[PDB]
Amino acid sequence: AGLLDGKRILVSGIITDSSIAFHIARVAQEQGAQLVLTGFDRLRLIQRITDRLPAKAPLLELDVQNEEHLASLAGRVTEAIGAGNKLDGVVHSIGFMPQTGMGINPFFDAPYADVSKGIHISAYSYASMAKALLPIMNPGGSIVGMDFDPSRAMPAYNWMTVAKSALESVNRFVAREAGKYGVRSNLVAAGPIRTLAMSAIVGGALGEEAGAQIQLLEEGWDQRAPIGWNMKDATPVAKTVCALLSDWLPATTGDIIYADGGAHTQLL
């Protein structure tokens, strides 16, 4: 009797076992969901990592910048879940922004080619994925994407913040399309999490100053959050995504759910 008992859910974006998608996949499986996983580029590492999940799940290659992978996606998914079966949920946990547009590099020094790559992957692909999977989604279904609140500017996140603003707008339009299928589309706006790029920044990959800025932001986050914020725990975010994948938020669409300890509602 799990929250997602007998639901067929596609989960994208696992790279390491600290990926927000890894935790979403683990909680979904714990709550009775049957998963299809998608991975990018390093499918060998991804397979080794997905083998650690509580249950076996098919892993499919998906480069959201590749038109062939998107055109074949629904077919490859149907083959994995069985003919006659459709998805009940889709998790978009894909995001990237080159070093030139996120970190220490001046906001004015990011080349458009880099910004465009970041927007393609982090924002446009949310619509690309919905276009590919809505035809194989069941009514009452749910599409969830990952957001980082871009309503206020901040140090370091620069063009990744700009990409999240674009993602928020995309989600509102994806909801209009998803609604025709009786499917909801929402974003979970998470507080900062120590994933691959974040452990690299804090670790000094982009220099001391960038590392410091991130740590200061993580500190302020926990201060402002009335229930606190642990940047090392992705489980509260994973649980929130599963809530949206469930039938317990049935009148919420084109929306943003904040899993950030309540930090965005507090000034100081």
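One-based numbering along the sequence shown. What we label the rigid core is the largest C-alpha set whose atoms superpose within 1.5 Å from one form to the other.
In 7 other deposited structures of this protein, superposed by the rigid core, the C-alpha atoms of 226-234 lie farther from the shown form than the other of 226-234 and 29-37. In 7 other deposited structures of this protein, superposed on the rigid core, the segment with the larger root-mean-square CA displacement between 216-224 and 52-60 is 216-224.
Across the two stretches, 53-61 and 232-240, the PDB entry reports the greater mean Cα temperature factor for 53-61. Between the stretches 257-265 and 4-12, it is 4-12 that shows the larger average CA temperature factor. Across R172, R76, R152, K164, the greatest Cα temperature factor reported in the deposited entry is at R76. Of the candidates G145, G95, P192, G82, the PDB record gives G82 the highest C-alpha temperature factor. Split the chain's modelled residues into thirds by C-alpha temperature factor. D109 is in the highest one. In the deposited entry, the Cα temperature factor of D222 sits in the bottom third of values across the chain's modelled residues. Ranked within its chain, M198 lands in the middle third, by CA B factor from the PDB record.
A71 sits in the highest third of its chain by CA B factor, as recorded in the PDB entry. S128: CA B factor lies in the highest third for its chain, per the PDB record.
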